[PDB]
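Spelled out from the first residue to the last, the chains are:
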Protein chains: 4
Amino acid sequence: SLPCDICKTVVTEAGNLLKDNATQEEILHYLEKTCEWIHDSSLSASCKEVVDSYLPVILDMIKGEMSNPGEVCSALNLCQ
Amino acid sequence: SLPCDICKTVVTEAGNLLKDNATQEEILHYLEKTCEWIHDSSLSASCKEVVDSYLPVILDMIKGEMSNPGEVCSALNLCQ
Amino acid sequence: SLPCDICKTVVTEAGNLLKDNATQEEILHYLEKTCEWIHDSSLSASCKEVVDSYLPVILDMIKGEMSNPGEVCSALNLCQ
Amino acid sequence: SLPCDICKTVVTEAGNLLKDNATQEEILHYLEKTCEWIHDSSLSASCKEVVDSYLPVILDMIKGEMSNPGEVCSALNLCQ
C-alpha cells in the first residue's frame with residue numbers, strides 16, 4: 001500500500017543518513033562543541049567523554065530501531 | 001548538504017501521494033463522510049456538492065506547492 | 001513515562017489553543033476565503049454555509065477529543 | 001496567512017512545552033535513565049552529573065531560538 005511504501009522509504013532514508021559516517025561525526029562533533037558552552041575544564045572534559053561514549057551507542061539504538069521499516073510503519077498503523 | 005535529498009524526497013513522495021488519482025479518491029470519501037455527520041438532508045447534499053467541487057481544486061492548488069523544491073527546501077536547515 | 005507525558009501535554013495544550021476562540025476564526029477566514037476560489041454565486045454562498053456550519057462542529061469534535069489526552073495518545077499507542 | 005500563522009503558533013507552543021517545569025524535569029529523568037543504558041557506576045554517574053548540568057543550557061538556546069517565531073518563520077520563507 002502506498003502510504004506504507006512511502007513511510008517505509010522515508011524510514012529507510014533516515015537509516016541511510018544515520019549510517020552515513022560523516023553524519024555520525026557531525027552530531028558527535030556538534031555535541032562536543034556543546035560541551036564548551038560551560039567554561040568548566042573538568043566538566044567540559046567529562047562532557048566530551050560522556051558524549052563520545054554514549055552517542056555511538058545511542059545511534060546504534062536508533063539504527064536498530066530504524067531497521068525493519070515494516071515494523072516501524074506498522075507501529076504507526078500506516079501499514080496493516 | 002546531503003539532507004537536502006531528504007527534503008526533496010519527502011516533498012516528492014508526498015507529491016505522489018496527492019498526485020495519486022486513487023489517493024485523491026480516498027481523501028474525498030472521508031470528507032464526504034464528514035458531511036453525513038449532520039442529519040440535515042439539504043446540508044448533507046450541499047456539503048457533498050462543495051466537497052466534490054472544491055477538494056480537487058484544493059489538491060491542485062497544493063499540488064502547485066511541493067512541485068519545485070527551490071522555493072520550499074531553500075534557505076532552511078536541510079539545504080542551507 | 002516521557003513519550004506519553006510529552007504526547008499528553010502537546011495534545012492537551014494544542015486542544016486548549018483550539019478551545020481559545022481566537023484560533024477558530026484564524027482557520028475560519030481561510031476556508032471562507034477559500035470559497036471565493038470558484039466563481040459560483042450559488043456554491044460560494046453555499047460554501048460559506050458549509051464552512052460556517054461544519055467547521056464549528058468539526059473543531060468541537062476535535063476539541064472534544066483533545067479534552068481527554070489519554071484517549072488520543074492511546075490512539076498513538078505511546079502510553080502502552 | 002495560515003502557513004505563517006501555523007509556524008508562529010507551533011513555535012510559540014513548542015516554546016511553552018520546554019518552559020513547562022514538569023517537562024523540564026521529565027527530560028532530565030529520561031536522560032538520567034539514559035545514563036543507565038551503560039552499566040557503569042563510574043561512567044553513568046559522570047553522565048548524570050553532565051546531564052543535570054548541561055540540559056538547562058540546551059533549553060536556553062532552544063527557548064532563545066523560540067523567543068520570537070516571527071523572525072525565524074520569516075527566515076524560513078514562512079512569513080513576511
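Basis of the calculations
- Residues numbered from 1 in each chain as written, not as in the entry; some residues may be left out.
- Chains lettered and ligands numbered in written order.
- Heavy atoms only, no water.
- Patch = residues over 30% accessible without salt bridge, like charges linked within 9 Å, V, L, I, M, F, W, Y side chains within 5 Å.
- Areas by Shrake-Rupley, 256 points an atom, 1.4 Å probe, with all protein chains shown as cover.
- Salt bridge = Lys/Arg side-chain N within 4 Å of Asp/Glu carboxyl O.
- Helix = DSSP H or I, 4+ residues; strand = E, 2+ residues; numbered from the N terminus.
- Contact = heavy atoms within 4.5 Å.
- Buried area = accessible area lost by both parts, 1.4 Å probe.
- Polar contact = N/O pair within 3.5 Å; in protein donor to acceptor, adjacent residues only side chain to side chain.
- Nonpolar A, V, L, I, M, F, W, Y, C, P; charged D, E, K, R; others polar.
- Least-squares fit on C-alpha atoms.
- Axes fitted to C-alpha atoms, helices over the stretch in contact; angles between N-to-C directions.
- Parallel < 35°, antiparallel > 145°, perpendicular 65-115°, else oblique.
- Left-handed = near helix turned anticlockwise from the far one by under 90°.
- Disulfide = S-S within 2.5 Å.
- UniProt positions renumbered as here; feature names shortened; annotations may be inferred.
- Buried < 20%, exposed > 50% of the residue type's maximum accessible area, 1.4 Å probe, protein only.

- Looking at the method and resolution fields of the entry, one finds X-ray crystallography and 3.17 Å.

- By the naming in the PDB entry, chain A goes by Saposin-A and is assigned to Mus musculus.

1. Observations concerning a nonpolar patch on the surface
In step 1: Together, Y30(B), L31(B), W37(B), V57(C), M61(C) and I62(C) line one region of the surface with nonpolar side chains, adding up to about 550 Å² of accessible area.
In step 2: If you list the elements that add at least two residues to the nonpolar patch, you get α2 (21-35) of chain B together with α3 (41-66) of chain C.
In step 3: Here the nonpolar patch gets three residues from one element, more than from any other, and that element is α3(C).
In step 4: Following the sequence through the fold, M61(C) ends up in helix α3.

2. Digging into the interface of chain D and chain A
In step 1: Taken together, the contacts link 15 residues of chain D with 14 residues of chain A.
In step 2: Between chain D and chain A lies a buried interface of about 1200 Å² when both sides are counted; carbon and sulfur atoms form 81% of it.
In step 3: Counting every contact that joins chain D to chain A gives zero salt bridges.
In step 4: Summed over the shared surface of chain D and chain A, the result is two residue pairs in polar contact.
In step 5: Within the residue set of the side of chain D that touches chain A, elements represented by two or more residues are α2 (21-35) and α3 (41-64) of chain D.
In step 6: The element that contributes the greatest number of residues to the side of chain D that touches chain A is α3(D), accounting for eleven residues.
In step 7: Here the residues of the side of chain D that touches chain A sort into ten nonpolar, four polar and one charged.

3. Notes on the relation of the copies chain B and chain A
In step 1: Rotating chain B by 179° and translating it 0.5 Å along the rotation axis places it on chain A, where the RMSD comes to 1.2 Å. The superposition of one copy onto the other is thereby described by a two-fold rotation axis. Using C-alpha coordinates, one finds that chain B approaches the rotation axis most closely at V10(B), a distance of 3.6 Å.

4. Considerations on the packing of helix α1 (residues 2-19) of chain A against helix α3 (residues 41-66) of chain A
Residue and element names in this part refer to chain A.
In step 1: Two elements in contact, α1 and α3, have axes whose closest approach is 9 Å; the angle formed by their N-to-C orientations is 155°. With respect to each other, α1 and α3 are oriented roughly antiparallel. Judged by the twist between their axes, the crossing of α1 over α3 is left-handed. Across the interface between the two elements, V11, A14, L18 and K19 from α1 touch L59, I62, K63 and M66 from α3.
In step 2: Residues that form the contact of α1 with α3 fall into these classes: six nonpolar, no polar and two charged.

5. Observations regarding the UniProt feature "disulfide bond" in chain A
All names here are of chain A.
In step 1: You can see the UniProt disulfide between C7 and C73 is made here, since their sulfurs are only 2.0 Å apart, below 2.5 Å. Residue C7 is located in helix α1, and its partner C73 is located in helix α4 (residues 70-74); the two are separated by 66 residues in the primary sequence.
In step 2: Relative accessible area serves as the criterion here: at 10%, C7 is assigned to the buried category.
In step 3: Take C73: its relative accessible area is 0%, and that puts it in the buried class.
In step 4: The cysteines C35 and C47 that UniProt joins by a disulfide are bonded here; their SG atoms are 2.0 Å apart.

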